[PDB]
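To start, the structure under review is shown below, and the notes come after it.
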Amino acid sequence: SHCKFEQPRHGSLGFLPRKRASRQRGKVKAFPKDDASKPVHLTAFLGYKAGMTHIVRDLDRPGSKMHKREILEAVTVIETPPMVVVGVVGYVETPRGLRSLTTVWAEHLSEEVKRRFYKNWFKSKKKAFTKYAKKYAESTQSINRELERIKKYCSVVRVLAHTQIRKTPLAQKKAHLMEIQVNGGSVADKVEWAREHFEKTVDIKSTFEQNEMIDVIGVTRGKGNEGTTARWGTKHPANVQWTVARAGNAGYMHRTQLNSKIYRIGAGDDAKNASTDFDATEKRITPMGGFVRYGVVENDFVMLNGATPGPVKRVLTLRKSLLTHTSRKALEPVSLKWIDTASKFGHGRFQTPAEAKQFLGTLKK
Amino acid sequence: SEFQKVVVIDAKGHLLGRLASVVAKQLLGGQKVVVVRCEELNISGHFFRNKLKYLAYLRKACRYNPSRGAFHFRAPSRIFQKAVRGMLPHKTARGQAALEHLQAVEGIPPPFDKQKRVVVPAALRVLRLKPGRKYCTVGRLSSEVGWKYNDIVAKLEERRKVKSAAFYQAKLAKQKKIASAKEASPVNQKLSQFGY
Amino acid sequence: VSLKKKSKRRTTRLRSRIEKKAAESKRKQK
RNA sequence: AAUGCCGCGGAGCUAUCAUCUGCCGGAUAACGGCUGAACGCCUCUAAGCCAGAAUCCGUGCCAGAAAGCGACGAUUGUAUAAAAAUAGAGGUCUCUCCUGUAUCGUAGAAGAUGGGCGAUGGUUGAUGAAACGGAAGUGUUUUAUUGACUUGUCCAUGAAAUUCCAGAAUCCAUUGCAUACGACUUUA
RNA sequence: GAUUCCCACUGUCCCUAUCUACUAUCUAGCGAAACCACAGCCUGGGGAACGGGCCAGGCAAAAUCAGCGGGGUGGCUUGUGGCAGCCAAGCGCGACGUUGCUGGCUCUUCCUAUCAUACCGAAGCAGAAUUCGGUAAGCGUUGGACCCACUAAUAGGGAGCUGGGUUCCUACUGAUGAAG
RNA sequence: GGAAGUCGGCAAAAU
RNA sequence: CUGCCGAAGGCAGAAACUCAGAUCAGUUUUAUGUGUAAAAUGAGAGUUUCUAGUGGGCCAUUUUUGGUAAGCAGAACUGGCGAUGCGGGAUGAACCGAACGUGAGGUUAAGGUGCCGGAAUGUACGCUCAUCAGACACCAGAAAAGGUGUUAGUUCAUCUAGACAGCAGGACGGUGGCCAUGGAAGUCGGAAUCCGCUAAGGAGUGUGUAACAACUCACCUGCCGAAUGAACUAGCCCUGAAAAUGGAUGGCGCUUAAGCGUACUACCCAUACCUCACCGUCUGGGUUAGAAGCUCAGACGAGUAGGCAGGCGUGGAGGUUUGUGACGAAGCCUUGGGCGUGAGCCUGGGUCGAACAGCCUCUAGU
RNA sequence: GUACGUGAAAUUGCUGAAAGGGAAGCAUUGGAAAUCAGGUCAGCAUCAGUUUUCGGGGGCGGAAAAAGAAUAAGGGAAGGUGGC
């Protein structure tokens with residue numbers, strides 16, 4: 001007998017299994033297609049979700065209902081200190097897939113990336129990469145051989161880069177290490193670019209430029225085990241099938257938000273990063289009283305539209321869009337008018353203590 | 001027709017069912033078989049009908065946990081393996097051990113490109129199919145059913161053919177030198193009445 | 001693969017029923 | 001004062017009661033055509049080709065084989081390799097295929113001990129250095145130095161009663177980005 | 001007392017969210033019972049009763065934890081009525097024709113026999129709107145007392161509950177987990 | 001917003 | 001526990017005795033019309049008597065009547081099932097073989113020889129391409145038929161007096177025949193539809209035009225040089241509708257088949273057939289040199305109800321064994337050994353502590 | 001050793017051996033390990049019974065094979081050769 005009253009499916013079959021992500025760091029399951037017409041350029045970056053605020057910008061969107069009006073948008077602030085390139089990986093195309101032929105590491109590895117290789121840094125004798133450092137000092141002709149192998153046989157070149165988590169106001173001391181595929185140019189060109197970028201820091205100012213459309217990928221917030229109500233949106237003799245909604249894990253899944261716009265890439269060393277041409281009023285992106293549960297932003301930061309997966313102080317990966325999409329929203333410029341840095345720890349009412357002090361009387365303290 | 005440890009079959013121009021049946025009989029006999037270049041196996045019937053056959057094969061899946069449902073393999077080597085194992089008693093230890101004696105690959109990998117590759121006449125399309133009959137290629141049906149490694153194999157096969165052609169030219173030159181010295185040697189005519 | 005909508009193989013009741021009613025058809029035409 | 005009652009109430013949770021985000025490559029079906037026979041004309045079809053649906057298959061997105069795998073780090077006689085077509089191929093106008101019943105190899109008390117004659121060769125072992133091989137490089141060539149054996153041919157010795165087959169991680173501790181408990185993410 | 005009406009009120013509802021206590025969770029101690037041929041995956045077949053054992057396939061890797069309760073009879077059939085006559089391809093029939101008359105509340109998936117959306121062909125199809133037909137099941141097919149609205153449309157079917165009417169195991173979902 | 005739920009103001013709020 | 005006989009929808013067996021017969025036959029000839037009577041072949045044939053179990057039903061077969069969209073119903077015979085394992089049909093109560101003691105060897109039946117699967121990817125000749133082929137199995141429901149798919153045929157047609165087709169042309173003039181009309185000239189529409197010319201130009205096959213006009217065929221001439229056309233039948237192929245999860249010629253697969261049809265060899269194996277050994281039952285011959293025995297030979301072997309016969313084991317009683325036993329009875333355990341088809345028996349090792357067993361009879365709370 | 005003669009089975013623990021991918025049990029043949037036991041196991045020749053598979057020789061039959069070859073008559077022609 002047929003179903004009398006039909007409705008669309010309560011869930012999405014393309015996101016199950018609703019199991020816990022086997023990773024804390026956002027994985028890049030697709031890098032943008034390579035092209036030898038364009039020489040070298042990176043394609044991804046790694047940041048930490050500090051917090052989110054709201055801004056006011058003048059919308060120059062031709063044909064829109066609110067063309068040339070002042071609009072309010074929620075924005076996410078991700079602190080992006082420069083990442084140190086410490087390795088290069090060569091990938092060879094095989095009838096079985098992309099296979100990592102070899103890996104070359106930089107001579108001097110910081111304690112930041114060395115902590116990644118241990119579950120307990122203090123008990124360890126710190127013997128990792130010691131003999132690699134010895135052979136690097138002794139004979140560079142060997143390392144030249146693997147790079148020759150990479151530029152001779154490998155088709156995809158990726159750089160191992162770790163984030164300087166020490167710079168961020170995070171209690172974690174392990175640095176996050178990932179591979180960013182070097183898109184563009186010949187394999188030799190990518191290998192050279194990796195060599196002259198060994199042990200130096202690549203910054204977000206060189207990766208992204210404040211107007212492009214990116215994919216932000218990360219692990220979502222954990223809501224714990226949940227019943228069918230909030231896990232799935234639920235209101236003949238057989239056996240229960242996979243399509244039936246069930247009770248289980250809700251949250252902590254690997255997700256990918258597409259089409260995120262950078263409204264601003266600000267520099268940490270600059271003290272005008274939260275000030276705009278319509279605002280003046282010297283201030284920093286950190287809200288009054290510091291970000292709730294994160295701290296004070298002191299390094300380079302990126303302001304994206306909307307919301308990104310995961311809670312504060314979690315690591316996000318920002319990749320260049322795989323496919324070009326020239327929607328006028330993705331092509332329009334952004335001219336910020338005002339940024340809110342009031343206290344998010346409660347109902348804040350003042351932007352900076354300086355401008356709060358004139359309105360308030362002389363406090364006895 | 002002598003028992004070798006390993007028989008490398010160049011599956012180019014063969015018929016899927018006929019080659020599978022011959023291989024399945026050899027595995028039960030206890031012979032290691034390596035079927036290289038599986039993107040060139042031929043199947044009788046025109047391409048659209050074969051793709052309809054395969055796309056009907058995808059339709060078979062469990063209604064609970066398609067993860068436990070039928071596993072549809074798209075690689076031409078895996079297509080040949082499915083054809084072979086269907087001709088074997090793989091539910092028993094004998095058939096399961098027989099499957100372990102078969103290595104079906106895509107292209108001709110370096111460990112097997114430097115070894116003689118015999119062919120099966122009982123499976124060859126040229127000898128077994130009436131001229132004027134439509135057929136298809138597994139390496140083509142695979143690309144339009146989901147297989148995504150066609151370009152890499154074709155490129156790595158052009159490299160292999162170039163290297164093999166260079167090797168054969170060098171060996172042919174050496175064989176020409178040996179062949180020239182042959183009649184120059186005298187006993188080859190002096191007492192050759194035995195037929196050699 | 002079958003590549004059909006209706007199975008070419010038949011059930012034992014069905015195959016037996018043909019000889020049941022094919023013979024009766026010859027009885028009727030007689 | 002079993003949360004006595006009321007107002008406000010951060011944090012957390014949450015609301016299409018709030019905000020953000022949701023993409024492109026092939027193959028086709030109906031159908032419209034190109035060339036073109038069958039059938040000396042014609043013809044979208046027979047051989048072929050083009051365009052063509054929210055369709056099918058991939059890309060993208062989620063999971064990651066807990067019996068799929070790679071890279072990195074530290075480490076207490078087992079003889080024989082072109083390719084392609086089969087209504088055609090290759091070699092020097094000419095020649096060959098028409099299957100490996102072919103080719104390489106093949107003696108020795110399981111491979112002994114010597115003597116010549118003829119050739120600078122073959123088997124090559126050991127090291128030592130060059131090049132090449134990344135599809136799973138499972139190896140290939142080039143040598144060099146030597147130590148060997150050198151059936152190439154011709155001679156002499158012994159065989160037998162084997163007398164008819166057999167440095168790390170974890171617990172305790174810590175963290176809250178996580179959490180029924182495990183697990184996880186940090187510190188230690 | 002029952003019914004109706006107007007006003008009034010409110011989480012019955014749109015549409016669920018939040019808060020507290022207990023239980024469930026783990027731990028120390030104590031500690032049962034029902035039930036029990038043996039057990040434990042699905043598809044097609046096994047004449048039936050299809051079943052779990054049989055046949056042919058998909059498959060198949062220890063040990064486990066918390067949930068939830070699923071599992072304890074034609075190859076039928078479909079779109080075209082009944083009587084009489086005229087032909088007559090043919091073998092007394094005789095085909096098509098031709099002429100004579102009066103049950104509803106929520107739920108997973110599948111099928112196409114398509115209501116809407118996509119693309120096509122035909123029509124006095126000028127345009128707009130529209131009719132019929134083809135491929136097409138990817139995606140939708142509502143809110144209220146046959147009625148009246150919305151909607152692009154409100155298409156047809158296959159395989160936990162209540163009203164008026166008669167006087168263990170396995171599956172599904174998450175979580176660990178020894179091992180080359 | 002105010003029975004639009006349900007066979008229906010079942011149950012709470014208006015006192 | 002074993003062996004033998006063995007049904008029933010008045011039977012099978014037991015005992016008592018005839019005749020070495022023309023005495024009977026689920027039979028066929030001969031004669032007379034399925035009846036009767038008097039040659040073939042086979043068999044030893046019989047009569048009275050009493051005494052267990054059953055008197056059901058399913059499936060198919062050939063003979064008829066009543067029937068209808070459509071099946072269906074009621075009779076008689078026949079068998080199979082039932083009491084029946086085995087080989088094959090992928091598997092199966094009714095389909096094809098084959099009736100069963102334990103083994104060795106050989107050979108087959110039915111069905112098969114691409115792989116699963118033991119056996120020819122044998123030989124020879126044809127047919128078929130299916131974007132939802134076939135292996136099907138009187139192809140019987142849809143079933144009546146459709147198809148510019150293919151291969152064969154059957155019957156009529158023209159054809160070097162030039163076949164079909166193809167291009168070049170003619171395809172006319174009375175006449176715009178007559179009613180019919182805004183406008184109809186062959187072609188909106190109403191009867192034909194005549195004539196001069198021929199080799200032919202239809203009061204006209206279609207398009208078209210308000211009407212015209214113009215093109216086309218159906219009809220002829222020029223070039224061009226050989227076969228061509230129409231109607232039916234047969235085989236294969238497509239179609240001749242069917243839904244609801246994944247999906248089945250058994251699977252994989254197969255397209256000069258591993259599909260369809262035929263022909264010929266070779267090959268595979270059942271509990272079947274043949275040769276031999278052995279077990280048991282029955283039958284027959286012989287046996288005065290455990291007679292309850294010995295010996296020779298042949299045939300035979302499913303088995304429910306039922307009938308008959310011979311054995312194993314348990315408690316107790318009488319007889320016997322100069323019977324066994326504290327130097328270890330009975331019991332119990334055991335990966336030890338042996339015997340018997342079997343019921344069961346003996347024994348080695350360990351434990352154990354006081355009774356126990358063989359043989360012949362008797363007996364039963366066996 | 002009183003929870004006491006002998007002390008079975010169901011069931012349980014330990015040790016040793018072995019097996020294990022959605023059953024387990026059982027049967028047939030044999031290997032492997034363990035164990036026990038008594039002449040054991042082979043090869044060939046000549047035979048007997050059964051049987052399978054190749055080869056040779058010789059008769060006898062048909063149209064006393066049909067064909068065919070070689071060699072004399074005549075006839076006919078082609079899918080027509082030399083010639084024309």
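The way I read the labels, and the way they are meant: chains A, B, ... in the order of the structure tokens, residue 1 as the first residue of every chain, and ligand 1 as the first ligand shown, with later ones counted on from there.
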
Restrict the calculation to only C-alpha atoms (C1' of nucleotides), then for each residue of chain B with any atom at most 12 Å from an atom of chain E give the closest atom pair and their distance in Å to one decimal, rows by chain and rising residue number, as CSV.
residue,atom,partner,partner_atom,distance
B:57,CA,E:58,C1',11.8
B:60,CA,E:58,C1',8.8
B:61,CA,E:58,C1',8.6
B:62,CA,E:42,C1',7.5
B:63,CA,E:109,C1',8.6
B:64,CA,E:172,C1',8.1
B:65,CA,E:172,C1',8.7
B:66,CA,E:42,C1',11.1
B:67,CA,E:59,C1',11.1
B:68,CA,E:59,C1',7.7
B:69,CA,E:58,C1',7.0
B:70,CA,E:58,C1',5.6
B:71,CA,E:58,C1',8.5
B:72,CA,E:58,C1',10.8
B:86,CA,E:57,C1',9.5
B:89,CA,E:57,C1',11.8
B:90,CA,E:59,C1',11.1
B:91,CA,E:60,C1',9.7

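The list of chain E residues within 6 Å of chain A is residues 70, 71, 108, 158, 171, 172, 173 and 174 of chain E; this uses only C-alpha atoms (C1' of nucleotides).
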
For this session: Find the residues around range 306-312 of chain G up to 8 Å (only C-alpha atoms (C1' of nucleotides) counted), leave out those fewer than 4 positions away in its own chain, and share them as a list in words.
Result: residues 1, 2, 3, 4, 5, 6, 7, 13, 52, 53, 343 and 344 of chain G

Same residues, N, CA and C atoms (P, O5', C5', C4', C3', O3' and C1' of nucleotides), output as a PDB file, in the first residue's frame:
ATOM      1  P     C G   1      16.725 -53.050  18.677  1.00  0.00           P
ATOM      2  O5'   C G   1      17.770 -54.115  18.119  1.00  0.00           O
ATOM      3  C5'   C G   1      19.156 -53.817  18.058  1.00  0.00           C
ATOM      4  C4'   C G   1      19.962 -55.024  17.646  1.00  0.00           C
ATOM      5  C3'   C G   1      19.609 -55.633  16.300  1.00  0.00           C
ATOM      6  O3'   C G   1      20.189 -54.941  15.209  1.00  0.00           O
ATOM      7  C1'   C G   1      19.773 -57.347  17.913  1.00  0.00           C
ATOM      8  P     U G   2      19.421 -54.866  13.800  1.00  0.00           P
ATOM      9  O5'   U G   2      19.661 -56.301  13.157  1.00  0.00           O
ATOM     10  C5'   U G   2      20.974 -56.775  12.905  1.00  0.00           C
ATOM     11  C4'   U G   2      20.969 -58.244  12.570  1.00  0.00           C
ATOM     12  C3'   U G   2      20.049 -58.663  11.436  1.00  0.00           C
ATOM     13  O3'   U G   2      20.598 -58.419  10.154  1.00  0.00           O
ATOM     14  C1'   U G   2      19.752 -60.126  13.259  1.00  0.00           C
ATOM     15  P     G G   3      19.628 -58.153   8.901  1.00  0.00           P
ATOM     16  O5'   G G   3      19.073 -59.600   8.536  1.00  0.00           O
ATOM     17  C5'   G G   3      19.967 -60.656   8.217  1.00  0.00           C
ATOM     18  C4'   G G   3      19.272 -61.994   8.182  1.00  0.00           C
ATOM     19  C3'   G G   3      18.033 -62.082   7.309  1.00  0.00           C
ATOM     20  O3'   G G   3      18.340 -62.240   5.936  1.00  0.00           O
ATOM     21  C1'   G G   3      17.600 -63.097   9.397  1.00  0.00           C
ATOM     22  P     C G   4      17.428 -61.534   4.820  1.00  0.00           P
ATOM     23  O5'   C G   4      16.239 -62.567   4.594  1.00  0.00           O
ATOM     24  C5'   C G   4      16.508 -63.940   4.354  1.00  0.00           C
ATOM     25  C4'   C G   4      15.289 -64.792   4.595  1.00  0.00           C
ATOM     26  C3'   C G   4      14.005 -64.319   3.935  1.00  0.00           C
ATOM     27  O3'   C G   4      13.928 -64.663   2.564  1.00  0.00           O
ATOM     28  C1'   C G   4      13.567 -64.893   6.184  1.00  0.00           C
ATOM     29  P     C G   5      13.188 -63.681   1.530  1.00  0.00           P
ATOM     30  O5'   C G   5      11.641 -63.890   1.849  1.00  0.00           O
ATOM     31  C5'   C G   5      11.034 -65.161   1.677  1.00  0.00           C
ATOM     32  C4'   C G   5       9.604 -65.170   2.154  1.00  0.00           C
ATOM     33  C3'   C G   5       8.726 -64.029   1.672  1.00  0.00           C
ATOM     34  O3'   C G   5       8.260 -64.201   0.346  1.00  0.00           O
ATOM     35  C1'   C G   5       8.392 -64.353   3.987  1.00  0.00           C
ATOM     36  P     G G   6       8.114 -62.930  -0.627  1.00  0.00           P
ATOM     37  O5'   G G   6       7.053 -61.998   0.110  1.00  0.00           O
ATOM     38  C5'   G G   6       5.694 -62.392   0.226  1.00  0.00           C
ATOM     39  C4'   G G   6       4.924 -61.462   1.129  1.00  0.00           C
ATOM     40  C3'   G G   6       4.915 -60.000   0.720  1.00  0.00           C
ATOM     41  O3'   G G   6       3.980 -59.713  -0.303  1.00  0.00           O
ATOM     42  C1'   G G   6       5.422 -60.158   3.013  1.00  0.00           C
ATOM     43  P     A G   7       4.319 -58.588  -1.398  1.00  0.00           P
ATOM     44  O5'   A G   7       3.625 -57.274  -0.822  1.00  0.00           O
ATOM     45  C5'   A G   7       2.336 -56.878  -1.263  1.00  0.00           C
ATOM     46  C4'   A G   7       1.245 -57.534  -0.455  1.00  0.00           C
ATOM     47  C3'   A G   7      -0.118 -56.861  -0.517  1.00  0.00           C
ATOM     48  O3'   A G   7      -0.854 -57.216  -1.675  1.00  0.00           O
ATOM     49  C1'   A G   7       0.427 -57.323   1.732  1.00  0.00           C
ATOM     50  P     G G  13       2.668 -66.756  -0.001  1.00  0.00           P
ATOM     51  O5'   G G  13       2.582 -67.315   1.490  1.00  0.00           O
ATOM     52  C5'   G G  13       3.628 -67.084   2.424  1.00  0.00           C
ATOM     53  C4'   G G  13       3.206 -67.430   3.833  1.00  0.00           C
ATOM     54  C3'   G G  13       3.019 -68.910   4.135  1.00  0.00           C
ATOM     55  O3'   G G  13       4.241 -69.562   4.434  1.00  0.00           O
ATOM     56  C1'   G G  13       1.172 -67.683   4.970  1.00  0.00           C
ATOM     57  P     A G  52      -6.667 -64.320  13.850  1.00  0.00           P
ATOM     58  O5'   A G  52      -6.350 -63.263  12.702  1.00  0.00           O
ATOM     59  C5'   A G  52      -6.021 -61.916  13.011  1.00  0.00           C
ATOM     60  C4'   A G  52      -4.551 -61.647  12.808  1.00  0.00           C
ATOM     61  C3'   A G  52      -4.195 -60.303  12.189  1.00  0.00           C
ATOM     62  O3'   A G  52      -4.171 -59.253  13.143  1.00  0.00           O
ATOM     63  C1'   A G  52      -2.953 -62.036  11.139  1.00  0.00           C
ATOM     64  P     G G  53      -5.284 -58.092  13.119  1.00  0.00           P
ATOM     65  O5'   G G  53      -4.847 -57.149  11.911  1.00  0.00           O
ATOM     66  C5'   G G  53      -3.785 -56.214  12.049  1.00  0.00           C
ATOM     67  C4'   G G  53      -3.356 -55.678  10.705  1.00  0.00           C
ATOM     68  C3'   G G  53      -4.462 -55.053   9.863  1.00  0.00           C
ATOM     69  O3'   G G  53      -4.644 -53.677  10.157  1.00  0.00           O
ATOM     70  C1'   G G  53      -3.281 -56.647   8.567  1.00  0.00           C
ATOM     71  P     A G 343      26.250 -53.559  18.910  1.00  0.00           P
ATOM     72  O5'   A G 343      25.095 -54.093  19.864  1.00  0.00           O
ATOM     73  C5'   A G 343      23.787 -53.548  19.806  1.00  0.00           C
ATOM     74  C4'   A G 343      22.773 -54.507  20.371  1.00  0.00           C
ATOM     75  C3'   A G 343      23.056 -55.006  21.780  1.00  0.00           C
ATOM     76  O3'   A G 343      22.601 -54.102  22.773  1.00  0.00           O
ATOM     77  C1'   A G 343      22.526 -56.838  20.378  1.00  0.00           C
ATOM     78  P     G G 344      23.598 -53.575  23.918  1.00  0.00           P
ATOM     79  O5'   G G 344      23.887 -54.870  24.796  1.00  0.00           O
ATOM     80  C5'   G G 344      25.172 -55.104  25.347  1.00  0.00           C
ATOM     81  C4'   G G 344      25.715 -56.438  24.906  1.00  0.00           C
ATOM     82  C3'   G G 344      27.042 -56.854  25.514  1.00  0.00           C
ATOM     83  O3'   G G 344      26.914 -57.383  26.820  1.00  0.00           O
ATOM     84  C1'   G G 344      27.120 -57.192  23.187  1.00  0.00           C
TER      85        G G 344
END

Problem set entry | Test item: chain B residues at most 12 Å from chain A, counting only C-alpha atoms, as a ChimeraX atom specification | /B:37,39,62-69,75-77,105-109,147-157

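Shell of residue 281 in chain A at 9 Å, with only C-alpha atoms (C1' of nucleotides) counted and residues fewer than 6 places along the chain excluded, is residues 272, 274, 275, 352 and 355 of chain A.
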
Using N, CA and C atoms, can you write the selected residues to a file as a PDB file, in the first residue's frame?
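Contents of the output file again-v4.pdb:
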ATOM      1  N   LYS A 272      45.873  49.470  12.936  1.00  0.00           N
ATOM      2  CA  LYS A 272      44.708  50.057  12.288  1.00  0.00           C
ATOM      3  C   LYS A 272      43.827  49.009  11.622  1.00  0.00           C
ATOM      4  N   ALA A 274      41.374  47.138  12.531  1.00  0.00           N
ATOM      5  CA  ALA A 274      39.940  47.213  12.776  1.00  0.00           C
ATOM      6  C   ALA A 274      39.345  48.556  12.383  1.00  0.00           C
ATOM      7  N   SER A 275      40.140  49.446  11.802  1.00  0.00           N
ATOM      8  CA  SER A 275      39.682  50.762  11.392  1.00  0.00           C
ATOM      9  C   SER A 275      39.498  50.796   9.882  1.00  0.00           C
ATOM     10  N   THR A 352      35.833  50.723  22.280  1.00  0.00           N
ATOM     11  CA  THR A 352      37.141  50.695  22.913  1.00  0.00           C
ATOM     12  C   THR A 352      37.046  51.425  24.243  1.00  0.00           C
ATOM     13  N   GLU A 355      37.010  55.457  23.993  1.00  0.00           N
ATOM     14  CA  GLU A 355      35.758  56.150  23.719  1.00  0.00           C
ATOM     15  C   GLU A 355      34.680  55.844  24.748  1.00  0.00           C
TER      16      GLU A 355
END

Problem set entry | Those in range 110-359 of chain A with strand (DSSP E or B) from DSSP, as a PyMOL selection string | chain A and resi 156-163+177-181+183+201-202+213-219+222-226+248-251+254-266+291+295+301-305+315-320+336-339

Exercise. Got a sec to pull out which chain A residues are within 7 Å of chain D, counting only C-alpha atoms (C1' of nucleotides), and send them as a ChimeraX atom specification?
Worked result: /A:14-17,74,94-95,99-103,127-129,153,172,257-259,306-307,311,313-314,346

Generate the output file for the selected residues, N, CA and C atoms, as a short mmCIF file (atom, residue, chain, number, x, y, z; two decimals), in the first residue's frame.
data_model
loop_
_atom_site.label_atom_id
_atom_site.label_comp_id
_atom_site.auth_asym_id
_atom_site.auth_seq_id
_atom_site.Cartn_x
_atom_site.Cartn_y
_atom_site.Cartn_z
N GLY A 14 23.70 11.92 1.56
CA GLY A 14 25.06 12.18 1.13
C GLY A 14 26.03 12.55 2.23
N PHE A 15 25.55 12.68 3.47
CA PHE A 15 26.40 13.03 4.60
C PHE A 15 26.55 11.91 5.61
N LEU A 16 25.77 10.84 5.50
CA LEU A 16 25.97 9.69 6.36
C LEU A 16 27.15 8.87 5.85
N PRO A 17 27.81 8.09 6.73
CA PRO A 17 27.50 7.84 8.14
C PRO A 17 27.72 9.05 9.04
N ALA A 74 27.30 39.20 9.48
CA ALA A 74 28.13 38.49 10.44
C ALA A 74 29.42 38.03 9.77
N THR A 94 49.97 6.92 -10.94
CA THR A 94 50.05 5.49 -11.22
C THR A 94 48.66 5.00 -11.61
N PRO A 95 48.57 3.85 -12.30
CA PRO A 95 47.25 3.29 -12.61
C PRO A 95 46.47 2.88 -11.37
N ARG A 99 50.65 8.26 -5.73
CA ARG A 99 51.45 7.59 -4.72
C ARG A 99 52.63 8.46 -4.35
N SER A 100 52.86 8.63 -3.05
CA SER A 100 53.94 9.47 -2.54
C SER A 100 55.27 8.78 -2.79
N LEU A 101 56.02 9.27 -3.77
CA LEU A 101 57.29 8.64 -4.13
C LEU A 101 58.34 8.84 -3.05
N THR A 102 58.50 10.08 -2.58
CA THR A 102 59.54 10.39 -1.60
C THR A 102 59.20 11.70 -0.91
N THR A 103 59.92 11.97 0.17
CA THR A 103 59.73 13.18 0.97
C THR A 103 61.09 13.73 1.38
N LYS A 127 64.91 12.49 19.83
CA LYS A 127 65.82 11.90 18.85
C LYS A 127 65.32 12.02 17.42
N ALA A 128 64.12 12.54 17.21
CA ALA A 128 63.57 12.62 15.86
C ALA A 128 64.38 13.57 14.99
N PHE A 129 64.62 13.16 13.75
CA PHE A 129 65.29 13.94 12.71
C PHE A 129 66.74 14.28 13.06
N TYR A 153 60.45 12.40 -11.85
CA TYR A 153 59.42 11.37 -11.90
C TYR A 153 58.07 11.82 -11.37
N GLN A 172 47.58 24.99 23.44
CA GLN A 172 48.23 23.88 22.77
C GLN A 172 49.64 24.28 22.33
N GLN A 257 32.37 24.10 3.99
CA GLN A 257 31.59 25.27 3.57
C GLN A 257 32.20 25.86 2.31
N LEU A 258 31.43 25.86 1.23
CA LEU A 258 31.89 26.44 -0.03
C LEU A 258 31.55 27.92 -0.09
N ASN A 259 32.27 28.63 -0.96
CA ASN A 259 31.96 30.01 -1.34
C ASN A 259 31.93 30.94 -0.12
N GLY A 306 29.66 35.16 6.92
CA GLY A 306 28.91 34.06 7.48
C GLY A 306 29.64 33.34 8.60
N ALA A 307 29.29 32.07 8.76
CA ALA A 307 29.82 31.23 9.82
C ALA A 307 30.57 30.04 9.23
N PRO A 311 33.82 25.06 16.67
CA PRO A 311 33.83 26.12 17.68
C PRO A 311 35.07 26.99 17.59
N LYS A 313 38.81 28.52 18.63
CA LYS A 313 40.13 27.93 18.88
C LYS A 313 40.31 26.57 18.20
N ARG A 314 39.48 26.23 17.22
CA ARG A 314 39.69 25.03 16.42
C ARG A 314 40.35 25.39 15.10
N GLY A 346 28.83 39.14 26.97
CA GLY A 346 27.70 39.90 27.47
C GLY A 346 27.25 40.96 26.49
#

So that each row is one residue of chain G with an atom at most 7 Å from chain C, can you give its shortest atom pair and the distance in Å to one decimal, using only C-alpha atoms (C1' of nucleotides), rows by chain and rising number, as a Markdown table?
| residue | atom | partner | partner_atom | distance |
| --- | --- | --- | --- | --- |
| G:132 | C1' | C:4 | CA | 5.0 |
| G:138 | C1' | C:22 | CA | 6.9 |
| G:140 | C1' | C:22 | CA | 4.7 |
| G:248 | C1' | C:2 | CA | 6.5 |
| G:249 | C1' | C:9 | CA | 6.3 |

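Considering only C-alpha atoms (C1' of nucleotides), the residue among B:38, B:32, B:115, B:133 positioned nearest to residue 47 in chain D is B:133.
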
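Proximity ranking of G:22, G:119, G:69, G:270 relative to residue 98 in chain G places G:270 first, based on only C-alpha atoms (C1' of nucleotides).
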
Exercise. In range 87-244 of chain A, what's alpha helix (DSSP H) per DSSP? Answer as JSON, numbers by chain?
Worked result: {"A": [111, 112, 113, 114, 130, 131, 132, 133, 134, 135, 136, 137, 138, 140, 141, 142, 143, 144, 145, 146, 147, 148, 149, 150, 151, 152, 153, 187, 188, 189, 190, 191, 192, 193, 194, 195, 196, 204, 205, 206, 207, 228, 229, 230, 231, 232]}
